[PDB]
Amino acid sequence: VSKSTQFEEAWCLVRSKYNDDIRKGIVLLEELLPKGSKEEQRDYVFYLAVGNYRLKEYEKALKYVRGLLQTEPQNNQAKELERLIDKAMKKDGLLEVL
C-alpha cells in the first residue's frame, strides 16, 4: 500500500537488467507522480527519464528531462542524462539506416 514501498520497489525495477522489470518500474513511478510533493515529483521525473532511456524510449526520456531542465537549468544530473540520451539516439539512428 505504502508510498515509500512503491518508490523503493520502483527504484529497484528501474535499475534492473530485464526490460520487463524496467517497464513495471515506470508504471509504478507514473502512478506515484500525481501523489508526490513538488520535490518528490522532481525525483520521480528523473527516474522516469532514466527508465525510458534504458527502454530506448528516447523521445519520452528526452521529454521528461527537458521538463526538469525548464525549471532546474543548473541541474547537473539532468544535463548529464540529456547528454547520454542524445548520444544513444545518434548511434541508434545510425543503426537504423545501415
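Numbering starts at 1 and runs along the sequence shown.
Engineer: If you average the CA temperature factors over each stretch, which comes out higher, 64-72 or 25-33?
Structural biologist: Comparing 64-72 with 25-33, the higher average CA B-factor belongs to 64-72.
Engineer: Residue 47's Cα B-factor: lowest, middle or highest third of the chain?
Structural biologist: According to the entry, residue 47 has a C-alpha B-factor in the chain's lowest third.
Engineer: Of the three thirds of its chain by CA temperature factor, lowest, middle or highest, which one includes residue 80?
Structural biologist: Tercile = lowest for this residue's CA B-factor.
Engineer: How does the C-alpha B factor of residue 17 compare with the rest of the chain: lowest, middle or highest third?
Structural biologist: Ranked within chain, residue 17 CA B lands in the highest tercile.
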